[PDB]
Structure formats: C-alpha cells, structure tokens
Amino acid sequence: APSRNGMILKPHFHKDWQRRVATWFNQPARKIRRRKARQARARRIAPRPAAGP
Amino acid sequence: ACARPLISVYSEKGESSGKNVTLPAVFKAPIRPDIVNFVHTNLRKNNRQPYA
Amino acid sequence: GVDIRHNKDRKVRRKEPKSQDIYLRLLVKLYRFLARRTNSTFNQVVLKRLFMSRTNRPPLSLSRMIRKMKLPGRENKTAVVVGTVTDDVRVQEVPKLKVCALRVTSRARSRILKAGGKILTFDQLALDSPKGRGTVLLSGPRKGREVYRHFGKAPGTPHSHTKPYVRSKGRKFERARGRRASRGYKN
Amino acid sequence: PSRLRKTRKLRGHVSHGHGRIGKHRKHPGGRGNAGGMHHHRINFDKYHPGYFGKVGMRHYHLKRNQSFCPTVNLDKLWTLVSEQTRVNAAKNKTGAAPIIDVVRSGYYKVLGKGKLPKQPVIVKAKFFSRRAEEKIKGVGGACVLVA
Amino acid sequence: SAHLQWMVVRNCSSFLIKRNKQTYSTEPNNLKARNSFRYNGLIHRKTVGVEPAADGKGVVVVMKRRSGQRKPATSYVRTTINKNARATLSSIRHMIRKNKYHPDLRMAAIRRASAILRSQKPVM
Amino acid sequence: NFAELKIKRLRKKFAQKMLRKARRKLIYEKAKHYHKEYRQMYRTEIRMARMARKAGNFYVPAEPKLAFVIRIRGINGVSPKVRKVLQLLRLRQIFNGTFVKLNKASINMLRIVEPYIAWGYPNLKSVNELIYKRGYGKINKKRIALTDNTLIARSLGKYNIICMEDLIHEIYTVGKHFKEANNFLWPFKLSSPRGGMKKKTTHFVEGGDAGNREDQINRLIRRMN
RNA sequence: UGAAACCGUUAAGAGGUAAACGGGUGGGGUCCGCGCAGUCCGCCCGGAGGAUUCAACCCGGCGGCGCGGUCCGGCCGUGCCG
RNA sequence: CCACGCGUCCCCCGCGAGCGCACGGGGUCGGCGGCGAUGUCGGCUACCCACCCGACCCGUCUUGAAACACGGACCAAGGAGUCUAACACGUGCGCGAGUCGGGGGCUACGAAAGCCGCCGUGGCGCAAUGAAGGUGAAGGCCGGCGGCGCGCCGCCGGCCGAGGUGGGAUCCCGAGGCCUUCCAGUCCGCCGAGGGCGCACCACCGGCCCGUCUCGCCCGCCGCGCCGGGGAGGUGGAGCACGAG
RNA sequence: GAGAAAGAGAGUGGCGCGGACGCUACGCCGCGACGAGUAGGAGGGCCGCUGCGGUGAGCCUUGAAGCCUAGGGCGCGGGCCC
Ligand SMILES: [Mg+2]
Ligand SMILES: [Mg+2]
Ligand SMILES: [Mg+2]
Ligand SMILES: [Mg+2]
Ligand SMILES: [Mg+2]
Ligand SMILES: [Mg+2]
Ligand SMILES: [Mg+2]
Ligand SMILES: [Mg+2]
Ligand SMILES: [Mg+2]
Ligand SMILES: [Mg+2]
Ligand SMILES: [Mg+2]
Ligand SMILES: [Mg+2]
Ligand SMILES: [Mg+2]
Ligand SMILES: [Mg+2]
Ligand SMILES: [Mg+2]
Ligand SMILES: [Mg+2]
Ligand SMILES: [Mg+2]
Ligand SMILES: [Mg+2]
Ligand SMILES: [Mg+2]
Ligand SMILES: [Mg+2]
Ligand SMILES: [Mg+2]
Ligand SMILES: [Mg+2]
Ligand SMILES: [Mg+2]
Ligand SMILES: [Mg+2]
Ligand SMILES: [Mg+2]
Ligand SMILES: [Mg+2]
Ligand SMILES: [Mg+2]
Ligand SMILES: [Mg+2]
C-alpha cells in the first residue's frame, strides 16, 4: 500500500537475512591483529624491505 | 576577539618565570556549546559494547 | 456562543530561531532591539531572516553577488545576505565589494579580500548603519534546491513537467507505459 | 531517542494513533509493491508513469568503463589550471598561449557552456563539442586532440 | 566576552540549582543569590560581592579589578568593614556609587549587608 | 546652562495646553450647534404635518435612513445564506446590535435574516444611550471602551469626527462617512431583555419579536440596556 | 523488608428503597498550629543611661576613572606600507 | 451668552501667581466592638455520619449501549508501534562546487580518540537527452572582399557584450518642511510629494542543448563518398537560462 | 498618551554626596478577543521509571531504598514535598 508520492523500491529482505548477518564488532580487533602480524613480520625479516619485494 | 595576550610560563615553585609565550589563536575560537554537546553525544556512543 | 471558526486562529510564524547556537541568538538579541526601536523596515526583514531555516536561507554565490551589484545606482553600497556568500568559480574578474553576511566561505573571503573589498558581519553592520541606511539586501535562490523539481503537479498527468522519484535513472526505469504513445499512452 | 518519539504521547489513547473504525491490521493492501495494474493503478499512474513495460535494446555484457567520457564546461575550463598561468597569460605580451591538458585533470570531453575569457589557449582533449571548439576558435586558440 | 559566557552559563552552570519552581545560583560574588544576568558575579569585568567576615562580626566587600581578568588570584580585592551598621552601609554606598563601580548593584549590596549585620547582632 | 532650555519646555507645554483648551471649546460649540439642529429636525416634521392637515392633504414623512438590528436567535442550526448575511451585519453572538443605514441593497439583506433579527427605527435617545453605555470602538482591531474623546479623534479625525456627539451625529443624521463611523463602532453587546421577549420564533406582526418593529424598537432597546 | 486482595479482634460512627458516587453544607472525631492577651520595620521627638566616639586633618596601603584636550614605556591586530 | 483689552491697514453693514473642593485614569477609614490556659479558638482539604439536589457500569464494535450484545470474581507482579535497511520531506549542525574516510594504514579508561591527502580509489553532486549509433546547453553591430532584378552576408579585422515585460520586501534620489522674540543663515538628524536601481518568488514572451517531423539552400577536406557540418519553422525531454550539494 | 508626517538639535551674523523594584531578554510587563469535542494531528511538562557522561566539597548507621498512616501541605492535573 504505497502512499502519495515516493520511490517504489525493491528491498532484498524477502529471504531469511537475520540468520546470515555479518556484524563488524571485531573491526578494531582485526586492525590490531593485522598490525601485530605486520610488526612481527617486519621484525622477522630483519634488514629486508618491510613492504616486501 | 582579535587580541592575543602574553601568557606567562610558571616554574615548579609556583611563581612566574621570565618565559612568556603569546596566547595561541585556538583560545579565540568561537565557543559553541551546541557543537560541543552534539559531538560529545555522538562520540560517547562509540566506546560502547553491544548487548542482546 | 460566538459564530467564528478557529481554524486559522493561530498564526504560524516563527518568533525565535530553532537553532540553539549562541552567536546567532546574540544577533537576534541585537536585532530585536534594533527592530522595535527604529522605524527602519530593513531591521524587521533582517530580524525575520535571522529566524529562518537553512532551506529558507539559501547560499548566494559570488557571481550573483557581483551581478546584482553591477546594476546602476547601487555603487559604493554595502550589500547584505543573511545566508552564505559562497564562491563561484566560473567568474574571473571580481570588483571590490562591501559584503555583510553570517558566514562567508573561506575561498570567497580570499577572493573578495584579494580584490580589496571588505567583509562585515552583522554586529559590525549594526555599528556601521543601525537603520540599514545605504544597504542592498539580497537573498539566494530559494527555489534552487532540487526538491522543488519533485513538487507541483504530479507526473503521469498532461502538461506536468515534474521529475518523478526514480531509484536509478536509466532506460528501464519509468520509460515505458505512461511515457510513450507506442506503449499505452503519452502525457 | 525513544524519549522524543511519538509513542510516549500515545500512552493511554486506546487505539495508539491508528483508529477505532479501521484497526491497524497487518497488510491490507498486499505486501510490497503489490497490485500494480489492479488496485493501485491509480497511484502507479498518478505518480510513477512509465513503470510497466519494456523499451529499448538489451545490451548483455555492459561495461561502464568502455563508455567513460566525463565532461567539463568552458566556464570551468580555467579552474583546471592554477591562477598563475592565466595571470601570466594576461600579462604576456608575446602571445604565448597557456597549454591546458584536460585529461590530466580527469575530464575526457570538453563541452562549451559558458563565456570563456578573452585570452588564447591550447586546449588538448580527447573529444570536443562543436560549440566548444568554435568558442575556443572565437577566443583564438587551438583544439589539440589526444588519444 | 560577557554575553556569550552568560548564554553558556545560564542553564549549564554548577552553581545553578533548580527546584520548587525557583531558580538560584550559588556563585560566591552573587548579590540576591539569584540566576540572572545583572547579579551573576563570574562573568563581568566589574563586580561587587558582599560576604560575612572570617571573624564572627564584620562584612567583607569584594571588588573585581579591571586588569587581571584571566588571573583569578590577583583579581578580587577584599576589604573588611567591622563598624557600626550605618557607616558600613555608607561605606558600601560610597564605594559603589562614587567610584562608578557597577551602579546597578548599589542597592542590592546594601540590602545584603543589612541582612548580614542583622544576623551578626545577637539572636532574640 | 538650563535657563532657556528650561523655559521653552513649559512654553511648549503651555502651548499644547492652550491647544487642548481650544479643542474643548470647539467641541462644546459643536455640541450646541447639534442641539439646535436636532430641535429643528424634530419641529419641522411637526410643522409640515400641520401645514398639510391645515389644507386637508397628507404629509408622508421621509422613510428613515437608519435602523438598528439585534440578533435574537442563537448560533445553532443556521442556514448558510442566512448565516453569511448575519456575518456581514456583524451580528455574531446572540443579542448583538448594529446600526445599519437603509437602501435597496440593505433591506433585501435584512429580509433574508428577518426570522433571526429584530430591527426598527431607533430614536435619538436610543442612539445617544447606546453610544454612551454600550458603545466601544474597533481601535487597532482591538476593543477599547470609549472613555475619552481622543480615542474617537485619533481613529476618525480625518472624517471630522472628533468628539462623541460627532459620532452620534454621524450615526443618527446619517452622514457622508457613515460607513467608516459605524464600522468604527464595535457591535453592541446588548444584554438579555428585562421583562422578557414576547415570542422569539414568530414575527412582530403575528405577536412575536422577529422582523421589522418600526417605532417599537426603542421599547426593546430601553430594556436591553 | 513483609505491601494488596481476604480474614480475626479492638475503637469510633452508622444502618428499611443493595452498596457506591458528584455538588453543597452541618454534626462528631482524630491530630496540627507547640495558638490560647498577639505582629513588626525604618525616620523624627522626649526621658534616663553607657562608650574611648563622629566630622575635619596627618601618615601608610589598596582600588576606580574634563581621557594627562596631546605624560612616558610596552604588547597586540581576523590592519596597512616601506 | 465657553463674549471682555489697546494700538495699526482694509472689505461690508505663546511661560500670572497661589491655595482649595471634587459624580474626575478600579477602596479606603488619619472608624470601631467582643472573647480567650485546661476548656476553648482556627484547620477550606483528609476519617466517619446525616440531609437536599443530582446520579444506570466500565472497556468495546456500532447509525445508535445501562442494555435481554460480548470481556471482567478480587488482588500483586509481568504485559503490546520496537530494532535493521531503503526512500521521501521538514528541521538543527559543519563545510561549500564541492563533500564524506564509512574500507585500509600510522601512532585501565581506550574495541575510544587522533592522524593520512600521491590512501579521493569510490559514492553523491557539478549535464542533459536518445531505444541506439550518438550529440551535448545566448547572441548582436560595423568595414572589405523583381550573389543579384546570402536592401538581405559566404569569410575575415574591430566593438558591445549572456535577455525582456508586469508585480515586487528592501533600499537610493529629494518639491518642500519639522517654531521660542524676529530676519539672514551653515552643519547633524528626521518627515515627505514625485521619480529611479529593483532581491527572492510568481505569471507571460523570447533564447540555447538532445530526440523527432517538415521546408530549403550553403559550406569543409588527407581520404570529394550511400562522407561530415550548418540554417528556418513546429513539436517530444525528469534539461540550460550565473550553482546547491 | 499625544486627534494632525516630522528636533524636549547644535552654531554664526542685528551648604547637605542622596534617588524603591527591575532585565533567569527562552526574562518581565501591557492591552483586546476567545475556550465544546470522538477518529486523528501537534505543542509543553520544575509529570513519572531505569541506566550513562557531567555536576551538587549532595544526602546516609545521630538510620538510605522500600512499606503504612484519622498528620501538615503544594500543584488544574500527571505527581511531589514535609
Ligand atoms: Mg494510509
Ligand atoms: Mg464562549
Ligand atoms: Mg474547536
Ligand atoms: Mg490551525
Ligand atoms: Mg483522543
Ligand atoms: Mg496515525
Ligand atoms: Mg475497538
Ligand atoms: Mg485502514
Ligand atoms: Mg469499515
Ligand atoms: Mg502497518
Ligand atoms: Mg482486475
Ligand atoms: Mg434548534
Ligand atoms: Mg424580574
Ligand atoms: Mg519475615
Ligand atoms: Mg461498634
Ligand atoms: Mg433525586
Ligand atoms: Mg466488541
Ligand atoms: Mg466489525
Ligand atoms: Mg448493530
Ligand atoms: Mg462510529
Ligand atoms: Mg434490551
Ligand atoms: Mg448472548
Ligand atoms: Mg465478539
Ligand atoms: Mg463473563
Ligand atoms: Mg511520503
Ligand atoms: Mg532538509
Ligand atoms: Mg550509485
Ligand atoms: Mg478543546
């Protein structure tokens, strides 16, 4: 039942979407994990270029 | 305003030293409690763990 | 019993700005005084335009500033918007201007002060001219927003050139039955 | 903030702002965009004309990178290059026109909308409008192509 | 300045208390102790305050000078008046009136000093 | 110095005091001239009736130029054509009164609202005592009671109506600026009638109170205020 | 901690249109006013008092400003120039 | 009789002093009297009782409920427009033809906060139109060269330059004038006949871009072709017409 | 506050040291007219509950939260203070 005026639109929520949802609360946990892994690699290859080849 | 006074530097004994630095222009920025309250509201919601 | 209707009995205007910043309300505290103790009707228009919304204070650009100043008669006259004097980049020459606005874009400030004009704000305008004597009041394009293209007589209706709300402009998105003589009907 | 929302004023009112005669039922007009040609045809033709039907040629594997050709107008042509070039072009008595590579700024095509100020140019582009190149000729200046 | 920091302080100050449909303000240099613009003592350049003395008797009068605005320790000057009730009030009247020092508070300070001295003369 | 600056203050004050005194003598003699005019207006319609009867003819007096309408039926259940005429007569509440000059454009309005109004030809005493007791003024579209002549004179000075008997003369002797003088007057909030109505619903001819009751509107006014 | 419905008992009051309710008072209670000879506050006059007492001066300190028309020295400019 | 003086020409027949009374811009007394320590005073309200008037039980669906309409014995606690996403508009805030780091990276509270700018990739916006190939948003003036039975320019040199009409808040000008004893007489302020430059917006007429149709002639060259460009007049567009996101 | 567009305007020539309240300008004050309401819409709550950042040199074993009350009260009212 559309009202007076507005976009008629297609939300893709007809599937069961609450079971498959990706919450990003580990975003700063990965932004700590990556830089810990990167510092460990940059210590491990000790004079070599830190970015790689 | 426009004027920048000359803010004295204090030694650890409490009394004033001869060092005397001018007041930076940050301390003449406009005072807006609206913008302060708005940014404090929306940023204190960011250190917040979920509950369900 | 009294035979009057009360439908429009409450008039609908603003009498204070809906904003809560303190500098705008100090400008309001100034022009409340300057509007009731002067006989200048400039101060009432400035007081009424300080109340208005962001959409009722559209930005007046610099190439319309200078264009409405290049009219005859209004030489060495200060000129006042209540909104925002933004820069316009499709203009090269800029005359000297005596602008008075609430907030001028930094690039427009550089552009005007390079040309040698000066930028007042409203607490300086009150000291320079309390009755607004020798000013040119201007305003931006109030129908300049794109939401005044979705308004008016509805689409799908003859002689109504209204932009409809379409989620993505293409050849598949509202081109087919109302829009063509071949398929359905044309309006 | 639910503290500011409508439901805090609608406590005690026994219909909660939806009526006693027509109750707030679940889906009275069908779900979604239902009934386009049947019982909401009046809405979809007073407010979304053209919504039903096919038109035009189907182009299967479309790639939005083949048809990349952004445009710039002549009144913002001089906004590509810094102010010192056009100031020195106005000061130069030689007639040395400044060279403006629009592709370096990121516009492939030059269209001509506005008044262009009267000092020469070498505008090099990937495409040109008819009116744009003749405005460049009318100010007196060259239209260099580049691939 | 003064009118910006009044519009900051006016509803957000720790000296403001609001209950029983009455609004007050507990800054130390306030005369009549009420939240207003004239009477608030933290804001202005020039400011009169009336306090009872550190001794049980006497009235100290606080004057904000004009120079050290941002310097709080050397901003307020104290003067102690341990005298009869008439000359205490004439001293406060001469300090506020004849120094041209913020003359709207000229009667409120005399009311406050008269209320301090009544409490300092002994209880019935 | 404050020597000549002092004395020119009371020079200007004495000047406007003498100006006010000249204005009071003006409106005194205007009221006297009005009393003379009303004596002549009352005696000449007796004089001419006598000189008609002395020959044996008849003297038809002039049809009056001034009626006073009163709304005697309430808000509820009003037909809309009857309603709009009452809104143009400014009879909104029950028991409001309004002076109305007569012509063909107005009598055919009054017969549309004949079931709801009682109107007749108000006497000089009626036009006096309505102004003095219940007469207010639409000043700055507010309702200010006519307590002093300046309230009349500031609004109606440009029509040369500057005391209260000027307003009474313009209403009664219906003048050139009757529209402005009457629309100055707020509609008269008359009380409910002492003694009591005869019958609200039927016309005055058939033993009621609605409709034209020509000379008899004064008996209604005397007990409605 | 120990509420409400419900119940026992004590006290008070009442009772033939089931009870209950709104407006209006009246009567009886129960507690409170810490009622139960009723306010103070300025200025003036008179009468008795008691002070280490006011005004004016002198010294010291502190503060404010017809602005010193224009005193000397600083610092700053979201001012300019060399 | 709300009529009071004198002096000057001619028609006609600008500050007097005091007191006082008040049907005068909303009430005062500069008038009084009683009763008060264990039996009395005040307490409108809240406890009980009495009387007169009034008085059907709530929720609900209904044209209409006290209904012989359904729900409800009573009480305590729990108990129903929430959250995510998209969109629309209105509002407040920052910046502004730009804007935004949301993804990544660098350095207890802090899983925050700061920072990047050769991390603006990217989104939205600054350009539309067409099914599509595509095209893609003012012009005007001068001089020369029945082209002659473009007085209308094909191409160049110079110049003006980015509409008009009506209404329009604001402003700008100012014929005159705002008195103190009178005349001349400057400065400041103010009022104002009349006249302008007209914001936003509205209405209308023009103009430009894209599609389409009709009419018609001219121009371009590396390829003179089933090539390319152009004009005039209608008409279709969610356009432009000195940003507004 | 005054029936009449506008200056309580500047210039040149003939003793006693005194004077209430105010103005949280989102404040205070002054006039006028008005007040019905279901479905619904909107505004204001110094109405109420729970938690969080600030703050009250807040309160509290010399007795907080809760609960009861024929006690004193305030607010139209939600409710609240003794
Ligand atoms: Mg609906
Ligand atoms: Mg009524
Ligand atoms: Mg109503
Ligand atoms: Mg309304
Ligand atoms: Mg309701
Ligand atoms: Mg609703
Ligand atoms: Mg229902
Ligand atoms: Mg429905
Ligand atoms: Mg139905
Ligand atoms: Mg629903
Ligand atoms: Mg069907
Ligand atoms: Mg009836
Ligand atoms: Mg009787
Ligand atoms: Mg137990
Ligand atoms: Mg018993
Ligand atoms: Mg009964
Ligand atoms: Mg039902
Ligand atoms: Mg049903
Ligand atoms: Mg039925
Ligand atoms: Mg119904
Ligand atoms: Mg039945
Ligand atoms: Mg049944
Ligand atoms: Mg049922
Ligand atoms: Mg049942
Ligand atoms: Mg909508
Ligand atoms: Mg908006
Ligand atoms: Mg997109
Ligand atoms: Mg109502």
# chains A, B, ... in the order shown; residues from 1 in each chain; ligands from 1
$ residues_around --residues "residue 144 (chain F)" --least-positions-apart "5" --cutoff "10 Å" --atoms "only C-alpha atoms (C1' of nucleotides)" --output "PDB file with N, CA and C atoms (P, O5', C5', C4', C3', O3' and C1' of nucleotides), in the first residue's frame"
ATOM      1  N   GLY F 135     -21.288  51.544  23.856  1.00  0.00           N
ATOM      2  CA  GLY F 135     -20.565  51.828  22.635  1.00  0.00           C
ATOM      3  C   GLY F 135     -19.066  51.738  22.785  1.00  0.00           C
ATOM      4  N   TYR F 136     -18.442  50.772  22.113  1.00  0.00           N
ATOM      5  CA  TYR F 136     -16.991  50.656  22.087  1.00  0.00           C
ATOM      6  C   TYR F 136     -16.496  50.901  20.667  1.00  0.00           C
ATOM      7  N   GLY F 137     -15.194  50.732  20.469  1.00  0.00           N
ATOM      8  CA  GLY F 137     -14.587  51.093  19.207  1.00  0.00           C
ATOM      9  C   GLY F 137     -13.530  50.126  18.726  1.00  0.00           C
ATOM     10  N   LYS F 138     -13.529  49.830  17.430  1.00  0.00           N
ATOM     11  CA  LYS F 138     -12.561  48.909  16.847  1.00  0.00           C
ATOM     12  C   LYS F 138     -11.280  49.690  16.581  1.00  0.00           C
ATOM     13  N   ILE F 139     -10.492  49.865  17.634  1.00  0.00           N
ATOM     14  CA  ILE F 139      -9.230  50.589  17.566  1.00  0.00           C
ATOM     15  C   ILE F 139      -8.098  49.584  17.466  1.00  0.00           C
ATOM     16  N   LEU F 151      -9.784  58.826  21.855  1.00  0.00           N
ATOM     17  CA  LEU F 151      -9.962  57.515  21.242  1.00  0.00           C
ATOM     18  C   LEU F 151     -10.825  57.601  19.997  1.00  0.00           C
ATOM     19  N   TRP F 186     -17.715  48.941  17.545  1.00  0.00           N
ATOM     20  CA  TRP F 186     -17.827  47.516  17.753  1.00  0.00           C
ATOM     21  C   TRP F 186     -19.308  47.163  17.850  1.00  0.00           C
TER      22      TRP F 186
ATOM     23  P     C I  31      -3.432  45.996  31.597  1.00  0.00           P
ATOM     24  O5'   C I  31      -4.496  46.501  30.552  1.00  0.00           O
ATOM     25  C5'   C I  31      -4.852  45.648  29.494  1.00  0.00           C
ATOM     26  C4'   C I  31      -4.860  46.336  28.164  1.00  0.00           C
ATOM     27  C3'   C I  31      -5.985  45.844  27.287  1.00  0.00           C
ATOM     28  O3'   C I  31      -7.127  46.648  27.459  1.00  0.00           O
ATOM     29  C1'   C I  31      -3.936  45.572  26.147  1.00  0.00           C
ATOM     30  P     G I  32      -8.563  45.970  27.551  1.00  0.00           P
ATOM     31  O5'   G I  32      -8.834  45.576  26.046  1.00  0.00           O
ATOM     32  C5'   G I  32      -9.833  44.645  25.712  1.00  0.00           C
ATOM     33  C4'   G I  32      -9.673  44.227  24.287  1.00  0.00           C
ATOM     34  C3'   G I  32     -10.214  42.858  23.953  1.00  0.00           C
ATOM     35  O3'   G I  32     -11.600  42.875  23.702  1.00  0.00           O
ATOM     36  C1'   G I  32      -8.018  43.024  23.163  1.00  0.00           C
TER      37        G I  32
END
$ residues_near_ligand --ligand "ligand 22" --cutoff "12 Å" --atoms "only C-alpha atoms (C1' of nucleotides) and all ligand atoms" --output "JSON, numbers by chain"
{"H": [67, 68, 69, 70]}
$ interface_residues --of "chain G" --to "chain E" --cutoff "9 Å" --atoms "only C-alpha atoms (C1' of nucleotides)" --output "ChimeraX atom specification"
/G:62-65
$ write_last_selection --atoms "N, CA, C and O atoms (P, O5', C5', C4', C3', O3' and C1' of nucleotides)" --output "PDB file, in the first residue's frame"
ATOM      1  P     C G  62      49.774  49.326  47.639  1.00  0.00           P
ATOM      2  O5'   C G  62      48.235  49.008  47.413  1.00  0.00           O
ATOM      3  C5'   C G  62      47.697  47.735  47.732  1.00  0.00           C
ATOM      4  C4'   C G  62      46.195  47.766  47.703  1.00  0.00           C
ATOM      5  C3'   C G  62      45.582  48.291  46.422  1.00  0.00           C
ATOM      6  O3'   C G  62      45.550  47.339  45.378  1.00  0.00           O
ATOM      7  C1'   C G  62      44.517  49.300  48.264  1.00  0.00           C
ATOM      8  P     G G  63      45.694  47.833  43.862  1.00  0.00           P
ATOM      9  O5'   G G  63      44.246  48.380  43.498  1.00  0.00           O
ATOM     10  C5'   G G  63      43.130  47.511  43.516  1.00  0.00           C
ATOM     11  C4'   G G  63      41.829  48.267  43.540  1.00  0.00           C
ATOM     12  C3'   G G  63      41.563  49.178  42.360  1.00  0.00           C
ATOM     13  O3'   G G  63      41.077  48.476  41.235  1.00  0.00           O
ATOM     14  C1'   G G  63      41.055  50.312  44.356  1.00  0.00           C
ATOM     15  P     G G  64      41.320  49.051  39.763  1.00  0.00           P
ATOM     16  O5'   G G  64      40.193  50.161  39.597  1.00  0.00           O
ATOM     17  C5'   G G  64      38.819  49.818  39.659  1.00  0.00           C
ATOM     18  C4'   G G  64      37.948  51.037  39.523  1.00  0.00           C
ATOM     19  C3'   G G  64      38.303  51.966  38.376  1.00  0.00           C
ATOM     20  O3'   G G  64      37.741  51.562  37.148  1.00  0.00           O
ATOM     21  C1'   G G  64      38.062  53.222  40.343  1.00  0.00           C
ATOM     22  P     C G  65      38.641  51.579  35.829  1.00  0.00           P
ATOM     23  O5'   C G  65      38.427  53.033  35.229  1.00  0.00           O
ATOM     24  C5'   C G  65      37.131  53.532  34.955  1.00  0.00           C
ATOM     25  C4'   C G  65      37.121  55.036  34.981  1.00  0.00           C
ATOM     26  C3'   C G  65      38.132  55.713  34.069  1.00  0.00           C
ATOM     27  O3'   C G  65      37.675  55.846  32.737  1.00  0.00           O
ATOM     28  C1'   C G  65      38.247  56.656  36.239  1.00  0.00           C
TER      29        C G  65
END
$ select_by_dssp --residues "region 34-110 of chain C" --states "alpha helix (DSSP H)" --output "MDAnalysis selection string"
chainID C and resid 34:36 41:51 62:69 106:110
$ write_last_selection --atoms "N, CA, C and O atoms" --output "tab-separated table (two decimals), in the first residue's frame"
chain	number	residue	atom	x	y	z
C	34	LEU	N	17.01	46.53	17.69
C	34	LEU	CA	17.08	47.41	16.53
C	34	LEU	C	15.85	47.35	15.64
C	34	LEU	O	15.73	48.19	14.74
C	35	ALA	N	14.96	46.39	15.82
C	35	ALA	CA	13.75	46.37	15.01
C	35	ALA	C	12.58	47.03	15.71
C	35	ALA	O	11.68	47.53	15.03
C	36	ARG	N	12.55	47.05	17.04
C	36	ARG	CA	11.43	47.70	17.69
C	36	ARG	C	11.73	49.12	18.11
C	36	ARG	O	10.79	49.87	18.39
C	41	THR	N	12.29	49.56	8.28
C	41	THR	CA	11.78	48.24	7.95
C	41	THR	C	12.84	47.32	7.38
C	41	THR	O	12.53	46.18	7.05
C	42	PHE	N	14.09	47.77	7.27
C	42	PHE	CA	15.20	46.87	6.99
C	42	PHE	C	15.46	45.94	8.17
C	42	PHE	O	15.73	44.75	7.98
C	43	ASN	N	15.39	46.48	9.38
C	43	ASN	CA	15.72	45.70	10.56
C	43	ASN	C	14.68	44.62	10.82
C	43	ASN	O	15.03	43.56	11.34
C	44	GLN	N	13.43	44.85	10.44
C	44	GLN	CA	12.44	43.79	10.56
C	44	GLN	C	12.71	42.66	9.58
C	44	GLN	O	12.51	41.49	9.93
C	45	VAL	N	13.19	42.97	8.38
C	45	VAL	CA	13.47	41.92	7.42
C	45	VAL	C	14.71	41.14	7.83
C	45	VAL	O	14.77	39.92	7.69
C	46	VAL	N	15.71	41.83	8.40
C	46	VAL	CA	16.89	41.14	8.91
C	46	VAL	C	16.53	40.29	10.12
C	46	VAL	O	17.01	39.16	10.26
C	47	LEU	N	15.65	40.80	10.99
C	47	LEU	CA	15.21	40.03	12.15
C	47	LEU	C	14.43	38.80	11.72
C	47	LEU	O	14.62	37.72	12.27
C	48	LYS	N	13.58	38.94	10.71
C	48	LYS	CA	12.79	37.81	10.23
C	48	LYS	C	13.65	36.81	9.47
C	48	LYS	O	13.38	35.61	9.52
C	49	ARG	N	14.70	37.27	8.79
C	49	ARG	CA	15.56	36.34	8.09
C	49	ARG	C	16.61	35.71	9.00
C	49	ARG	O	17.23	34.72	8.60
C	50	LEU	N	16.83	36.25	10.19
C	50	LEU	CA	17.65	35.52	11.15
C	50	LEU	C	16.90	34.35	11.75
C	50	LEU	O	17.54	33.39	12.21
C	51	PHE	N	15.57	34.38	11.76
C	51	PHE	CA	14.84	33.26	12.33
C	51	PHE	C	14.84	32.05	11.41
C	51	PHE	O	14.69	30.92	11.89
C	62	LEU	N	28.98	34.23	-5.40
C	62	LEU	CA	29.70	35.46	-5.64
C	62	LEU	C	29.44	36.03	-7.03
C	62	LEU	O	29.45	37.25	-7.21
C	63	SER	N	29.18	35.18	-8.03
C	63	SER	CA	28.92	35.72	-9.35
C	63	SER	C	27.51	36.26	-9.50
C	63	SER	O	27.21	36.87	-10.53
C	64	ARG	N	26.64	36.01	-8.54
C	64	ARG	CA	25.34	36.64	-8.48
C	64	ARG	C	25.34	37.84	-7.56
C	64	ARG	O	24.61	38.80	-7.82
C	65	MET	N	26.16	37.78	-6.51
C	65	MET	CA	26.57	38.95	-5.74
C	65	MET	C	27.05	40.08	-6.64
C	65	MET	O	26.45	41.17	-6.65
C	66	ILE	N	28.10	39.84	-7.43
C	66	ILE	CA	28.66	40.90	-8.27
C	66	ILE	C	27.70	41.28	-9.39
C	66	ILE	O	27.69	42.44	-9.81
C	67	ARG	N	26.87	40.36	-9.85
C	67	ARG	CA	25.95	40.65	-10.94
C	67	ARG	C	24.84	41.57	-10.47
C	67	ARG	O	24.51	42.55	-11.15
C	68	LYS	N	24.26	41.29	-9.31
C	68	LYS	CA	23.28	42.17	-8.72
C	68	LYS	C	23.89	43.44	-8.15
C	68	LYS	O	23.14	44.35	-7.79
C	69	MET	N	25.22	43.52	-8.01
C	69	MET	CA	25.84	44.81	-7.71
C	69	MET	C	26.17	45.63	-8.94
C	69	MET	O	26.29	46.86	-8.83
C	106	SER	N	35.59	30.35	2.99
C	106	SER	CA	36.98	30.80	3.06
C	106	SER	C	37.54	31.15	1.70
C	106	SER	O	38.31	32.12	1.58
C	107	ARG	N	37.17	30.41	0.66
C	107	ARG	CA	37.66	30.74	-0.67
C	107	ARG	C	37.05	32.03	-1.18
C	107	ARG	O	37.73	32.84	-1.81
C	108	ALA	N	35.78	32.28	-0.87
C	108	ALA	CA	35.17	33.55	-1.21
C	108	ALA	C	35.75	34.71	-0.40
C	108	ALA	O	35.84	35.82	-0.93
C	109	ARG	N	36.16	34.47	0.84
C	109	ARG	CA	36.84	35.50	1.62
C	109	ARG	C	38.16	35.87	0.99
C	109	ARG	O	38.50	37.05	0.88
C	110	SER	N	38.94	34.86	0.59
C	110	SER	CA	40.19	35.12	-0.12
C	110	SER	C	39.96	35.86	-1.42
C	110	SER	O	40.68	36.81	-1.72
$ residues_around --residues "region 141-145 of chain H" --least-positions-apart "2" --cutoff "12 Å" --atoms "only C-alpha atoms (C1' of nucleotides)" --output "ChimeraX atom specification"
/H:139,153-161
$ residues_around --residues "residue 100 (chain D)" --least-positions-apart "3" --cutoff "10 Å" --atoms "only C-alpha atoms (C1' of nucleotides)" --output "PDB file with C-alpha atoms, in the first residue's frame"
ATOM      1  CA  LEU D  77      37.848  25.200 -18.010  1.00  0.00           C
ATOM      2  CA  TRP D  78      40.215  27.698 -16.382  1.00  0.00           C
ATOM      3  CA  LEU D  80      41.630  23.161 -14.023  1.00  0.00           C
ATOM      4  CA  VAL D  81      44.905  25.055 -14.092  1.00  0.00           C
ATOM      5  CA  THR D  85      49.118  30.555 -15.563  1.00  0.00           C
ATOM      6  CA  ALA D  97      49.011  30.753 -25.038  1.00  0.00           C
ATOM      7  CA  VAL D 103      42.865  14.657 -19.368  1.00  0.00           C
ATOM      8  CA  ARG D 104      45.490  15.354 -16.700  1.00  0.00           C
ATOM      9  CA  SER D 105      42.696  16.878 -14.617  1.00  0.00           C
ATOM     10  CA  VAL D 121      44.711  28.734 -25.090  1.00  0.00           C
ATOM     11  CA  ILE D 122      45.935  25.396 -26.319  1.00  0.00           C
ATOM     12  CA  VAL D 123      43.171  23.130 -25.027  1.00  0.00           C
ATOM     13  CA  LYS D 124      44.019  19.475 -25.575  1.00  0.00           C
ATOM     14  CA  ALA D 125      41.235  16.957 -25.011  1.00  0.00           C
ATOM     15  CA  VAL D 144      44.554  19.619 -29.804  1.00  0.00           C
TER      16      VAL D 144
END
